[PDB]
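J.: The data below comprise the sequence and an experimental structure of the protein.
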Amino acid sequence: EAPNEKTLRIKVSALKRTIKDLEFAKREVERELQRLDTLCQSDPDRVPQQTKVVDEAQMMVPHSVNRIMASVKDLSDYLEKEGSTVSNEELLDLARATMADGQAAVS
């Protein structure tokens, strides 16, 4: 209920969501590339539309990466400021674990 604890929790949850976003976005690229091939053979009048969706799917990967990194920096900055005094050891461990998961997810 400490306001710094509450803010830290929100930032950790936000970061976790950006990481899951990238995972689903990467899985979807592979599907869009398949969805292209399917619609290619079944219905090539849809291929132009799906070519454009595939290209956008691929660009959504760096977009998702950029969001993870912006969230990692925000959390990291907070931990140097009002987050620096949080006494909840397990929340601090979780914040550090989640940052490490984000860094792993990019790279």
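T.: Perfect, I can see it now. Numbers count the residues shown, from 1 in each chain.
J.: From here on, just use CA atoms for contacts and neighbour counts.
T.: OK.
J.: which helices and strands sit right next to the helix or strand residue 79 falls within?
T.: Secondary structure from DSSP states H and E places residue 79 in helix 47-80. Contact analysis of helix 47-80 by 3 or more Cα pairs under 8 Å, 6 or more residues apart in numbering; DSSP states H and E lists helix 3-42, helix 89-105 as its packing neighbours.
J.: among those, which is nearest residue 60?
T.: helix 3-42 (6.9 Å; Cα to Cα).
J.: ok now the closest one, how far from the chain's centre?
T.: What separates the centre of helix 3-42 from the centre of its chain is 6 Å, taken as Cα atoms, centre = their mean, to the nearest Å.
J.: Show me what counts as buried in stretch 16-23.
T.: Neighbour-count burial for stretch 16-23, counted by 16 or more other Cα atoms under 10 Å, picks out 16, 18-19, 21-22.
J.: Contacts for that stretch, please.
T.: Among residues not part of stretch 16-23, those counted as contacts by Cα atoms under 8 Å, 6 or more residues apart in numbering are 61, 64-65, 67-68, 71, 98, 101-102, 105.
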